[PDB]
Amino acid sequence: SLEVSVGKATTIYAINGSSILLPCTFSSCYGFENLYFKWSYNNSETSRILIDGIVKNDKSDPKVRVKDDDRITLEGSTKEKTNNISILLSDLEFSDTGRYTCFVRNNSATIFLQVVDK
């Protein structure tokens, strides 16, 4: 049915030492089987995988495949209207400032995360 979005990208400010939710949802007009998704981190120096996973079908919650940061928790859920593959990043440091890309296969969203003191 009729869906709305604030876009494929946004900027989030988060507090040093705290946690933050990196939001991403997806949808398909023609269903899906074993959908692959991946969260990655980019800054001007380095790039790396954070977590990836599989959404088996439109009635199964996302499941983690590999994870490269213990501070990350998958916070996904599969419901009638929304396929949620958001992640929680805990114990933030200033070095966590950067671009977070969520890639979905069988498109990409971008979170610009800025870690601040207050």
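Sequential numbering from 1, following the sequence displayed.
- Where coordinates are absent for parts of the deposited sequence, a chain break appears; between neighbours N106 and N107 it spans 4 to 9 residues.
- Higher mean CA temperature factor between 55-63 and 81-89: 55-63, per the PDB entry.
- Here the stretch with the larger average CA B-factor, out of 65-73 and 31-39, is 31-39.
- Ranked within its chain, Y13 lands in the middle third, by CA B factor from the PDB record.
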